[PDB]
>>> print(open('data-v1.cif').read())   # mmCIF, C-alpha atoms and all ligand atoms
data_structure
#
loop_
_atom_site.group_PDB
_atom_site.id
_atom_site.type_symbol
_atom_site.label_atom_id
_atom_site.label_comp_id
_atom_site.auth_asym_id
_atom_site.auth_seq_id
_atom_site.Cartn_x
_atom_site.Cartn_y
_atom_site.Cartn_z
ATOM 1 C CA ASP F 1 218.079 -77.394 -180.196
ATOM 2 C CA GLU F 2 218.024 -80.143 -177.532
ATOM 3 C CA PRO F 3 215.282 -82.843 -177.674
ATOM 4 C CA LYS F 4 211.703 -82.226 -176.524
ATOM 5 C CA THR F 5 209.705 -85.420 -175.922
ATOM 6 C CA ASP F 6 206.069 -86.496 -175.822
ATOM 7 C CA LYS F 7 203.989 -89.703 -175.729
ATOM 8 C CA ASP F 8 200.675 -90.402 -177.547
ATOM 9 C CA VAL F 9 198.208 -93.320 -177.668
ATOM 10 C CA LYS F 10 196.087 -94.826 -180.487
ATOM 11 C CA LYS F 11 197.261 -92.314 -183.110
ATOM 12 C CA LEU F 12 199.525 -89.261 -183.356
ATOM 13 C CA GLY F 13 198.110 -86.301 -181.445
ATOM 14 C CA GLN F 14 195.782 -88.435 -179.286
ATOM 15 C CA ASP F 15 196.374 -88.623 -175.499
ATOM 16 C CA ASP F 16 193.407 -90.699 -174.222
ATOM 17 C CA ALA F 17 191.769 -93.937 -175.448
ATOM 18 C CA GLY F 18 189.487 -96.740 -174.236
ATOM 19 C CA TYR F 19 189.947 -100.427 -175.095
ATOM 20 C CA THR F 20 188.574 -103.883 -174.557
ATOM 21 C CA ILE F 21 191.109 -106.109 -172.735
ATOM 22 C CA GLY F 22 193.341 -107.927 -175.278
ATOM 23 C CA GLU F 23 192.828 -105.548 -178.199
ATOM 24 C CA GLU F 24 196.193 -104.539 -179.549
ATOM 25 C CA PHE F 25 196.885 -100.789 -180.008
ATOM 26 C CA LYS F 26 199.945 -98.493 -180.341
ATOM 27 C CA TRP F 27 201.641 -96.046 -177.991
ATOM 28 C CA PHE F 28 203.842 -93.488 -179.714
ATOM 29 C CA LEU F 29 207.095 -92.383 -178.137
ATOM 30 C CA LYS F 30 208.050 -89.056 -179.754
ATOM 31 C CA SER F 31 211.115 -86.780 -179.817
ATOM 32 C CA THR F 32 212.184 -83.728 -181.763
ATOM 33 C CA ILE F 33 215.356 -84.269 -183.799
ATOM 34 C CA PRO F 34 218.252 -81.889 -182.961
ATOM 35 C CA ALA F 35 219.805 -80.174 -186.013
ATOM 36 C CA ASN F 36 223.173 -81.284 -184.582
ATOM 37 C CA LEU F 37 222.160 -84.933 -183.932
ATOM 38 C CA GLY F 38 225.380 -85.902 -185.711
ATOM 39 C CA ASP F 39 227.253 -84.751 -182.565
ATOM 40 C CA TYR F 40 225.334 -86.898 -180.088
ATOM 41 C CA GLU F 41 227.163 -89.402 -177.886
ATOM 42 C CA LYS F 42 224.037 -90.940 -176.360
ATOM 43 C CA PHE F 43 220.376 -91.198 -177.260
ATOM 44 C CA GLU F 44 218.587 -93.730 -175.112
ATOM 45 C CA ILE F 45 214.918 -94.108 -174.314
ATOM 46 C CA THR F 46 213.465 -96.023 -171.329
ATOM 47 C CA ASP F 47 209.783 -96.835 -170.807
ATOM 48 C CA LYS F 48 208.530 -98.692 -167.688
ATOM 49 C CA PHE F 49 205.063 -99.968 -168.600
ATOM 50 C CA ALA F 50 202.388 -100.218 -165.929
ATOM 51 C CA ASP F 51 201.563 -103.763 -164.685
ATOM 52 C CA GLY F 52 198.120 -103.631 -166.429
ATOM 53 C CA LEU F 53 199.784 -103.294 -169.876
ATOM 54 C CA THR F 54 201.259 -106.124 -171.908
ATOM 55 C CA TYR F 55 204.024 -105.168 -174.322
ATOM 56 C CA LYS F 56 203.664 -106.758 -177.791
ATOM 57 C CA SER F 57 206.337 -105.337 -180.136
ATOM 58 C CA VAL F 58 208.079 -102.223 -181.433
ATOM 59 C CA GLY F 59 206.946 -101.043 -184.848
ATOM 60 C CA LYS F 60 208.872 -99.254 -187.565
ATOM 61 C CA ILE F 61 210.833 -96.357 -186.057
ATOM 62 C CA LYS F 62 210.304 -93.340 -188.316
ATOM 63 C CA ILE F 63 211.790 -89.876 -188.825
ATOM 64 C CA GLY F 64 209.622 -88.051 -191.339
ATOM 65 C CA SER F 65 209.128 -90.539 -194.180
ATOM 66 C CA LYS F 66 212.235 -92.576 -193.444
ATOM 67 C CA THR F 67 212.620 -95.775 -191.425
ATOM 68 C CA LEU F 68 215.527 -96.672 -189.137
ATOM 69 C CA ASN F 69 216.500 -100.326 -188.926
ATOM 70 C CA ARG F 70 216.647 -102.606 -185.902
ATOM 71 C CA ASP F 71 220.185 -103.700 -184.919
ATOM 72 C CA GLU F 72 221.666 -101.340 -187.485
ATOM 73 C CA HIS F 73 220.673 -97.890 -186.141
ATOM 74 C CA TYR F 74 219.335 -98.889 -182.706
ATOM 75 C CA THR F 75 218.906 -101.755 -180.273
ATOM 76 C CA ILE F 76 215.882 -102.913 -178.301
ATOM 77 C CA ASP F 77 215.717 -104.425 -174.820
ATOM 78 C CA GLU F 78 212.190 -105.833 -174.355
ATOM 79 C CA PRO F 79 209.911 -105.654 -171.265
ATOM 80 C CA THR F 80 210.011 -108.806 -169.116
ATOM 81 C CA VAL F 81 208.952 -109.779 -165.628
ATOM 82 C CA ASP F 82 212.638 -109.559 -164.698
ATOM 83 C CA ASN F 83 213.027 -105.882 -165.687
ATOM 84 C CA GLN F 84 209.646 -104.796 -164.268
ATOM 85 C CA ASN F 85 207.976 -104.482 -167.730
ATOM 86 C CA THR F 86 210.600 -102.018 -168.981
ATOM 87 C CA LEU F 87 211.467 -101.236 -172.594
ATOM 88 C CA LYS F 88 214.773 -99.701 -173.562
ATOM 89 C CA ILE F 89 215.710 -98.388 -176.997
ATOM 90 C CA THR F 90 219.346 -97.423 -177.563
ATOM 91 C CA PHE F 91 220.314 -95.445 -180.667
ATOM 92 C CA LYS F 92 223.914 -96.366 -181.640
ATOM 93 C CA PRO F 93 226.283 -93.444 -180.920
ATOM 94 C CA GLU F 94 228.557 -94.506 -183.793
ATOM 95 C CA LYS F 95 225.557 -94.120 -186.118
ATOM 96 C CA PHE F 96 224.630 -90.585 -185.042
ATOM 97 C CA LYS F 97 226.210 -89.038 -188.197
ATOM 98 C CA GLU F 98 224.597 -91.657 -190.499
ATOM 99 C CA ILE F 99 221.168 -90.995 -188.983
ATOM 100 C CA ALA F 100 221.669 -87.225 -189.301
ATOM 101 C CA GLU F 101 222.607 -87.665 -192.984
ATOM 102 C CA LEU F 102 219.218 -89.330 -193.569
ATOM 103 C CA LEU F 103 217.499 -86.099 -192.323
ATOM 104 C CA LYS F 104 219.065 -83.754 -194.894
ATOM 105 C CA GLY F 105 216.059 -82.805 -197.031
ATOM 106 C CA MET F 106 213.529 -82.825 -194.173
ATOM 107 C CA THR F 107 212.094 -79.891 -192.255
ATOM 108 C CA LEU F 108 212.287 -80.766 -188.552
ATOM 109 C CA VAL F 109 209.679 -80.135 -185.882
ATOM 110 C CA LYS F 110 211.193 -77.592 -183.457
ATOM 111 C CA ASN F 111 209.302 -76.927 -180.233
ATOM 112 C CA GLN F 112 207.305 -78.824 -177.568
ATOM 113 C CA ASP F 113 203.826 -77.505 -178.465
ATOM 114 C CA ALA F 114 204.249 -78.484 -182.134
ATOM 115 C CA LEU F 115 205.472 -81.958 -181.125
ATOM 116 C CA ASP F 116 202.502 -82.374 -178.740
ATOM 117 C CA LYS F 117 200.018 -81.318 -181.386
ATOM 118 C CA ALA F 118 201.434 -83.283 -184.328
ATOM 119 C CA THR F 119 198.904 -85.585 -186.016
ATOM 120 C CA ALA F 120 201.335 -86.791 -188.721
ATOM 121 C CA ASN F 121 205.074 -87.280 -189.172
ATOM 122 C CA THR F 122 206.272 -86.139 -192.595
ATOM 123 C CA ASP F 123 209.323 -84.792 -194.488
ATOM 124 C CA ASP F 124 207.749 -81.312 -194.190
ATOM 125 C CA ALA F 125 207.375 -81.578 -190.389
ATOM 126 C CA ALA F 126 209.553 -84.436 -189.178
ATOM 127 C CA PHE F 127 210.263 -85.949 -185.775
ATOM 128 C CA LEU F 128 211.291 -89.258 -184.172
ATOM 129 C CA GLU F 129 208.365 -91.658 -183.857
ATOM 130 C CA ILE F 130 208.507 -95.026 -182.030
ATOM 131 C CA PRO F 131 205.259 -97.017 -182.203
ATOM 132 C CA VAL F 132 204.982 -99.594 -179.404
ATOM 133 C CA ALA F 133 202.251 -102.256 -179.728
ATOM 134 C CA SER F 134 200.515 -103.012 -176.477
ATOM 135 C CA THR F 135 197.364 -104.446 -174.873
ATOM 136 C CA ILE F 136 195.468 -103.797 -171.677
ATOM 137 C CA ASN F 137 195.636 -107.079 -169.802
ATOM 138 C CA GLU F 138 193.548 -108.827 -167.115
ATOM 139 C CA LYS F 139 195.343 -106.948 -164.310
ATOM 140 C CA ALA F 140 193.673 -103.637 -165.116
ATOM 141 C CA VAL F 141 191.291 -101.983 -162.702
ATOM 142 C CA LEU F 142 187.978 -101.322 -164.419
ATOM 143 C CA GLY F 143 187.458 -97.585 -164.917
ATOM 144 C CA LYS F 144 191.011 -96.615 -163.811
ATOM 145 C CA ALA F 145 193.326 -94.588 -166.104
ATOM 146 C CA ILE F 146 196.522 -96.454 -167.025
ATOM 147 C CA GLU F 147 199.195 -93.872 -167.752
ATOM 148 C CA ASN F 148 202.398 -94.217 -169.717
ATOM 149 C CA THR F 149 205.522 -92.096 -170.130
ATOM 150 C CA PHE F 150 209.207 -92.530 -170.953
ATOM 151 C CA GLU F 151 212.500 -90.760 -170.449
ATOM 152 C CA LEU F 152 215.115 -89.887 -173.033
ATOM 153 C CA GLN F 153 218.749 -89.671 -171.861
ATOM 154 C CA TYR F 154 220.631 -87.658 -174.473
ATOM 155 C CA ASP F 155 224.253 -86.500 -174.730
ATOM 156 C CA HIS F 156 224.492 -83.566 -177.194
ATOM 157 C CA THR F 157 228.121 -82.671 -176.456
ATOM 158 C CA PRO F 158 230.769 -84.236 -178.801
ATOM 159 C CA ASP F 159 233.393 -83.809 -176.066
ATOM 160 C CA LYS F 160 234.249 -87.460 -175.236
ATOM 161 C CA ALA F 161 232.676 -87.021 -171.791
ATOM 162 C CA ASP F 162 229.686 -89.148 -170.772
ATOM 163 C CA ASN F 163 227.388 -86.326 -169.610
ATOM 164 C CA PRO F 164 223.749 -86.978 -170.739
ATOM 165 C CA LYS F 165 220.699 -84.914 -169.727
ATOM 166 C CA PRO F 166 217.013 -85.958 -169.461
ATOM 167 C CA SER F 167 214.093 -85.092 -171.660
ATOM 168 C CA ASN F 168 210.567 -86.025 -170.410
ATOM 169 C CA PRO F 169 207.000 -85.664 -171.807
ATOM 170 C CA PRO F 170 205.434 -82.773 -169.881
ATOM 171 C CA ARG F 171 202.013 -84.510 -170.129
ATOM 172 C CA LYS F 172 201.242 -88.279 -170.138
ATOM 173 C CA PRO F 173 198.728 -90.249 -172.280
ATOM 174 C CA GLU F 174 196.465 -92.936 -170.695
ATOM 175 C CA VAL F 175 194.153 -95.852 -171.527
ATOM 176 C CA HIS F 176 191.178 -97.413 -169.696
ATOM 177 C CA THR F 177 188.848 -100.398 -169.812
ATOM 178 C CA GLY F 178 185.500 -101.038 -168.052
ATOM 179 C CA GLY F 179 182.905 -103.633 -167.038
ATOM 180 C CA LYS F 180 179.310 -104.222 -166.001
ATOM 181 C CA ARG F 181 177.381 -106.278 -163.431
ATOM 182 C CA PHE F 182 173.935 -107.873 -163.849
ATOM 183 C CA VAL F 183 171.162 -109.660 -161.941
ATOM 184 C CA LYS F 184 168.462 -111.729 -163.724
ATOM 185 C CA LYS F 185 165.023 -111.596 -162.089
ATOM 186 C CA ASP F 186 161.328 -112.191 -162.872
ATOM 187 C CA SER F 187 158.914 -109.545 -164.235
ATOM 188 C CA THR F 188 158.481 -107.659 -160.963
ATOM 189 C CA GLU F 189 162.174 -107.808 -159.988
ATOM 190 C CA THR F 190 161.278 -110.209 -157.128
ATOM 191 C CA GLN F 191 162.691 -113.747 -157.726
ATOM 192 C CA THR F 192 166.307 -114.146 -158.882
ATOM 193 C CA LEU F 193 166.620 -116.525 -161.853
ATOM 194 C CA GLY F 194 169.524 -118.834 -162.666
ATOM 195 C CA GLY F 195 170.344 -120.302 -166.063
ATOM 196 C CA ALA F 196 169.491 -117.540 -168.518
ATOM 197 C CA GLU F 197 171.996 -117.377 -171.386
ATOM 198 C CA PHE F 198 173.057 -114.313 -173.394
ATOM 199 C CA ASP F 199 175.143 -113.540 -176.479
ATOM 200 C CA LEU F 200 177.291 -110.427 -175.829
ATOM 201 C CA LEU F 201 177.085 -108.034 -178.787
ATOM 202 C CA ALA F 202 178.366 -104.604 -179.802
ATOM 203 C CA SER F 203 175.741 -101.925 -180.257
ATOM 204 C CA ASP F 204 175.567 -102.736 -183.988
ATOM 205 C CA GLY F 205 174.938 -106.412 -183.187
ATOM 206 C CA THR F 206 178.461 -107.708 -183.963
ATOM 207 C CA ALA F 207 179.352 -110.520 -181.526
ATOM 208 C CA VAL F 208 182.163 -109.716 -179.096
ATOM 209 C CA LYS F 209 184.754 -112.512 -179.266
ATOM 210 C CA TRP F 210 187.072 -113.959 -176.618
ATOM 211 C CA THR F 211 190.815 -113.312 -176.600
ATOM 212 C CA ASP F 212 193.176 -115.013 -174.191
ATOM 213 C CA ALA F 213 193.604 -111.794 -172.157
ATOM 214 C CA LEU F 214 189.840 -111.271 -171.906
ATOM 215 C CA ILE F 215 189.394 -114.915 -170.845
ATOM 216 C CA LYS F 216 191.943 -114.260 -168.045
ATOM 217 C CA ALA F 217 189.880 -111.196 -167.038
ATOM 218 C CA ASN F 218 186.668 -113.257 -166.712
ATOM 219 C CA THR F 219 187.671 -116.064 -164.388
ATOM 220 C CA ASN F 220 184.307 -116.754 -162.691
ATOM 221 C CA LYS F 221 183.030 -119.750 -164.683
ATOM 222 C CA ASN F 222 179.514 -119.411 -163.153
ATOM 223 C CA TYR F 223 178.892 -116.395 -165.396
ATOM 224 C CA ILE F 224 179.997 -118.051 -168.650
ATOM 225 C CA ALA F 225 177.681 -120.232 -170.743
ATOM 226 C CA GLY F 226 179.851 -123.247 -171.648
ATOM 227 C CA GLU F 227 183.563 -123.024 -172.472
ATOM 228 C CA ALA F 228 185.339 -119.768 -173.283
ATOM 229 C CA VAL F 229 187.644 -120.140 -176.293
ATOM 230 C CA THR F 230 189.745 -117.471 -178.031
ATOM 231 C CA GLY F 231 188.159 -116.312 -181.318
ATOM 232 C CA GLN F 232 184.653 -117.548 -180.414
ATOM 233 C CA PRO F 233 181.550 -115.457 -179.498
ATOM 234 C CA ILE F 234 181.081 -114.438 -175.860
ATOM 235 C CA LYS F 235 178.134 -116.190 -174.211
ATOM 236 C CA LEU F 236 177.230 -115.371 -170.597
ATOM 237 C CA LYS F 237 174.975 -117.155 -168.099
ATOM 238 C CA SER F 238 173.119 -116.102 -164.975
ATOM 239 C CA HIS F 239 174.334 -117.924 -161.876
ATOM 240 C CA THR F 240 171.969 -119.587 -159.368
ATOM 241 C CA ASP F 241 171.720 -116.242 -157.508
ATOM 242 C CA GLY F 242 170.725 -114.511 -160.760
ATOM 243 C CA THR F 243 174.071 -112.709 -161.015
ATOM 244 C CA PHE F 244 176.608 -112.357 -163.784
ATOM 245 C CA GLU F 245 179.110 -109.817 -165.148
ATOM 246 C CA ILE F 246 181.377 -108.866 -168.018
ATOM 247 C CA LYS F 247 184.884 -107.503 -167.367
ATOM 248 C CA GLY F 248 187.162 -105.596 -169.747
ATOM 249 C CA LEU F 249 185.023 -103.826 -172.386
ATOM 250 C CA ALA F 250 185.999 -100.503 -173.989
ATOM 251 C CA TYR F 251 184.330 -97.273 -172.926
ATOM 252 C CA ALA F 252 185.333 -93.607 -173.510
ATOM 253 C CA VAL F 253 186.919 -94.810 -176.729
ATOM 254 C CA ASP F 254 188.387 -91.431 -177.735
ATOM 255 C CA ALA F 255 188.179 -89.659 -174.393
ATOM 256 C CA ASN F 256 189.730 -89.640 -170.889
ATOM 257 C CA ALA F 257 188.845 -92.231 -168.187
ATOM 258 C CA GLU F 258 185.811 -90.152 -167.150
ATOM 259 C CA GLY F 259 184.513 -89.961 -170.738
ATOM 260 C CA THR F 260 181.515 -91.092 -172.788
ATOM 261 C CA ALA F 261 179.953 -94.447 -171.894
ATOM 262 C CA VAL F 262 179.546 -97.096 -174.623
ATOM 263 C CA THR F 263 176.395 -99.141 -175.263
ATOM 264 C CA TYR F 264 176.565 -102.901 -175.598
ATOM 265 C CA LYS F 265 173.751 -105.452 -175.767
ATOM 266 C CA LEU F 266 172.763 -108.952 -174.693
ATOM 267 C CA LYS F 267 170.698 -111.346 -176.808
ATOM 268 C CA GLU F 268 168.885 -113.723 -174.437
ATOM 269 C CA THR F 269 169.222 -117.083 -176.190
ATOM 270 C CA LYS F 270 167.843 -119.175 -173.337
ATOM 271 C CA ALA F 271 165.405 -118.042 -170.638
ATOM 272 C CA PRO F 272 165.207 -119.332 -167.075
ATOM 273 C CA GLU F 273 163.029 -122.484 -166.850
ATOM 274 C CA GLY F 274 159.369 -121.463 -167.109
ATOM 275 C CA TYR F 275 160.107 -118.089 -168.708
ATOM 276 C CA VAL F 276 159.863 -116.594 -172.220
ATOM 277 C CA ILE F 277 162.742 -115.785 -174.645
ATOM 278 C CA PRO F 278 162.386 -112.089 -175.625
ATOM 279 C CA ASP F 279 162.632 -110.808 -179.237
ATOM 280 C CA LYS F 280 164.559 -107.653 -178.347
ATOM 281 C CA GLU F 281 168.126 -107.344 -177.064
ATOM 282 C CA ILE F 282 168.814 -105.909 -173.642
ATOM 283 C CA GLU F 283 171.118 -102.848 -173.802
ATOM 284 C CA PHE F 284 173.571 -101.748 -171.103
ATOM 285 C CA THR F 285 176.360 -99.164 -170.906
ATOM 286 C CA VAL F 286 179.965 -99.371 -169.755
ATOM 287 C CA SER F 287 181.308 -96.255 -168.029
ATOM 288 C CA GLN F 288 184.030 -95.362 -165.552
ATOM 289 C CA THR F 289 181.802 -96.388 -162.651
ATOM 290 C CA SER F 290 179.715 -99.251 -164.064
ATOM 291 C CA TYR F 291 181.788 -101.879 -162.209
ATOM 292 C CA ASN F 292 183.777 -100.069 -159.459
ATOM 293 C CA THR F 293 182.220 -96.981 -157.856
ATOM 294 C CA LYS F 294 185.611 -95.457 -157.072
ATOM 295 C CA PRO F 295 188.298 -96.730 -159.507
ATOM 296 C CA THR F 296 190.755 -93.892 -158.769
ATOM 297 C CA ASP F 297 190.803 -95.021 -155.115
ATOM 298 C CA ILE F 298 191.697 -98.725 -155.599
ATOM 299 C CA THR F 299 194.411 -100.991 -157.149
ATOM 300 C CA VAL F 300 192.153 -104.019 -157.552
ATOM 301 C CA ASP F 301 188.477 -104.309 -158.537
ATOM 302 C CA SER F 302 185.877 -103.722 -155.805
ATOM 303 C CA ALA F 303 182.904 -104.831 -157.991
ATOM 304 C CA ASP F 304 180.550 -102.619 -155.956
ATOM 305 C CA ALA F 305 178.594 -100.800 -158.716
ATOM 306 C CA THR F 306 174.841 -101.429 -158.773
ATOM 307 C CA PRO F 307 174.115 -104.248 -161.226
ATOM 308 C CA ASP F 308 171.436 -103.760 -163.933
ATOM 309 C CA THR F 309 168.379 -105.857 -163.228
ATOM 310 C CA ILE F 310 167.212 -107.856 -166.236
ATOM 311 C CA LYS F 311 163.534 -108.859 -166.120
ATOM 312 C CA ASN F 312 162.019 -112.090 -167.511
ATOM 313 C CA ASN F 313 158.364 -112.817 -168.287
ATOM 314 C CA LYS F 314 156.598 -116.070 -167.360
ATOM 315 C CA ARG F 315 155.431 -118.701 -169.821
HETATM 316 CA CA CA G 1 201.001 -86.553 -176.178
HETATM 317 CA CA CA G 2 229.298 -85.637 -174.140
#
>>> encode(input="data-v1.cif", output="structure tokens", more="lines below")
Ligand SMILES: [Ca+2]
Ligand SMILES: [Ca+2]
Amino acid sequence: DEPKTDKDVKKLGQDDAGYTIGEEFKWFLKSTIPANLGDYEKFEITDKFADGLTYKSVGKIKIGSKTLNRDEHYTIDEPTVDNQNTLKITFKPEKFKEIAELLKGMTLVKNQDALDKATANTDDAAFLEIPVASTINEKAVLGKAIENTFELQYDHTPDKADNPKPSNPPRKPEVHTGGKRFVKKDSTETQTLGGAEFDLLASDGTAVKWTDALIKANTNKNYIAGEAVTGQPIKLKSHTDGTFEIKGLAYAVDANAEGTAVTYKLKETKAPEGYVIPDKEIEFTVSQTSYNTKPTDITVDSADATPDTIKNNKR
């Protein structure tokens, strides 16, 4: 009857997701609920978040359809620099009976596999669900899985002895973000061309906008056309050596860190002096290896992937 635990990302049942830096998403810390929860003398969850994740908030803690209330049923200690980005959630031992009473008409999820596979949390199949809002920040390595887990310390014995045991997710969820490098050249890929300007767009043509975290991930001002401001469209520029890049775009959106690449596009709004503005957007893809060749082998970007050459035609 003792707790089994699991962690998900994006939505219940999902273990892998890809994000653009600064986009807020949820982790889900999950536990089965013991039938004898009323007896428990400790129920405390600790989550040390990787450096490349920024904690945002804790959502509504749910068991089946019902919500537990902050500072009434549990207490939160938030991630800070001082505690090495660590979240703690402490369920109040003196509320263990009250919480158990809330569970009365619910059918409880029992075993690990069912917890792992759950895509919903309902009265008919209930468990403890802790959504934690998070972003991937500028400290991420492009193409590198960022894992998360937690540990539950539970005391199931109502014996007045402080003797908790651990419960740990057997398998860990992860997120990832990517990038791309470019070089602007003439029509035969000979001369490098400075001063081209591009709007960064999603594949459907929606402009990608700055957020403060994404701004912090794109610190080389030579590659940015004008000022970067949160909420405004991303505009890139080729440097005097023809080069530019974009760092922190989603790929493998619903897959592991090796998963499906995502297409983005560039609208050339200004051509190098003497050259023509094209009608058609230039596409590129972001993948695990489109910025770093070997992201599993590093803790900071190498930026060694082969840039895409973008051609320009003469006036
Ligand atoms: Ca999971
Ligand atoms: Ca005990």
>>> residues_around(input="data-v1.cif", residues="residue F:22", least_positions_apart="3", cutoff="12 Å", atoms="only C-alpha atoms", output="ChimeraX atom specification")
/F:18-19,25,52-56,133-140,177,208-217,230-231,247-250
>>> residues_near_ligand(input="data-v1.cif", ligand="ligand CA 1 (chain G)", cutoff="8 Å", atoms="all atoms listed in the file", output="PyMOL selection string")
chain F and resi 6-9+12-15+116-117+169+171-173
>>> atom_distance(input="data-v1.cif", atom1="atom CA of residue F:297", atom2="atom CA of residue F:86")
25.2 Å
>>> resolve_selection(input="data-v1.cif", expression="the PyMOL selection byres (((chain F and resi 273) around 10) and not hetatm)", output="list in words")
residues 193, 194, 195, 196, 270, 271, 272, 274, 275, 276, 314 and 315 of chain F
>>> resolve_selection(input="data-v1.cif", expression="the PyMOL selection byres (((not hetatm)) within 10 of (chain G and resi 2))", output="list in words")
residues 39, 40, 41, 42, 154, 155, 156, 157, 158, 159, 160, 161, 162, 163, 164 and 165 of chain F
>>> resolve_selection(input="data-v1.cif", expression="the PyMOL selection byres (((chain F and resi 106) around 6) and not hetatm)", output="list in words")
residues 103, 104, 105, 107, 123 and 124 of chain F
>>> residues_around(input="data-v1.cif", residues="residue F:269", least_positions_apart="3", cutoff="8 Å", atoms="all atoms listed in the file", output="list in words")
residues 196, 197, 198, 199 and 277 of chain F
>>> axis_aligned_box(input="data-v1.cif", around="stretch 212-216 of chain F", padding_each_side="3 Å", output="lines of an AutoDock Vina configuration file")
center_x = 191.5
center_y = -113.1
center_z = -171.1
size_x = 10.2
size_y = 9.7
size_z = 12.1
>>> build_atoms(input="data-v1.cif", residues="stretch 264-277 of chain F", atoms="N, CA and C atoms", output="compact mmCIF listing (two decimals), in the coordinates of the input")
# COMPACT_ATOMS: atom_id res chain seq x y z
N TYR F 264 176.47 -101.54 -175.07
CA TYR F 264 176.56 -102.90 -175.60
C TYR F 264 175.19 -103.53 -175.48
N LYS F 265 175.03 -104.78 -175.94
CA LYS F 265 173.75 -105.45 -175.77
C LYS F 265 173.88 -106.95 -175.56
N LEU F 266 172.82 -107.53 -174.98
CA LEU F 266 172.76 -108.95 -174.69
C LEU F 266 171.57 -109.54 -175.44
N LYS F 267 171.81 -110.57 -176.24
CA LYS F 267 170.70 -111.35 -176.81
C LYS F 267 170.44 -112.55 -175.91
N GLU F 268 169.28 -112.59 -175.27
CA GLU F 268 168.88 -113.72 -174.44
C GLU F 268 168.53 -114.91 -175.32
N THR F 269 169.40 -115.92 -175.32
CA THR F 269 169.22 -117.08 -176.19
C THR F 269 168.48 -118.21 -175.48
N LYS F 270 168.56 -118.21 -174.16
CA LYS F 270 167.84 -119.18 -173.34
C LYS F 270 167.31 -118.44 -172.11
N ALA F 271 166.03 -118.66 -171.80
CA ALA F 271 165.40 -118.04 -170.64
C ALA F 271 165.46 -118.98 -169.43
N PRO F 272 165.36 -118.43 -168.22
CA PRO F 272 165.21 -119.33 -167.08
C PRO F 272 164.00 -120.27 -167.30
N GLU F 273 164.11 -121.50 -166.80
CA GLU F 273 163.03 -122.48 -166.85
C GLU F 273 161.69 -121.86 -166.47
N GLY F 274 160.71 -121.99 -167.36
CA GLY F 274 159.37 -121.46 -167.11
C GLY F 274 159.13 -120.08 -167.68
N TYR F 275 160.18 -119.47 -168.22
CA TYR F 275 160.11 -118.09 -168.71
C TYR F 275 160.28 -118.00 -170.22
N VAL F 276 159.92 -116.84 -170.77
CA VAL F 276 159.86 -116.59 -172.22
C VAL F 276 161.20 -116.00 -172.73
N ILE F 277 161.61 -116.40 -173.93
CA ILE F 277 162.74 -115.78 -174.64
C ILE F 277 162.25 -114.50 -175.33
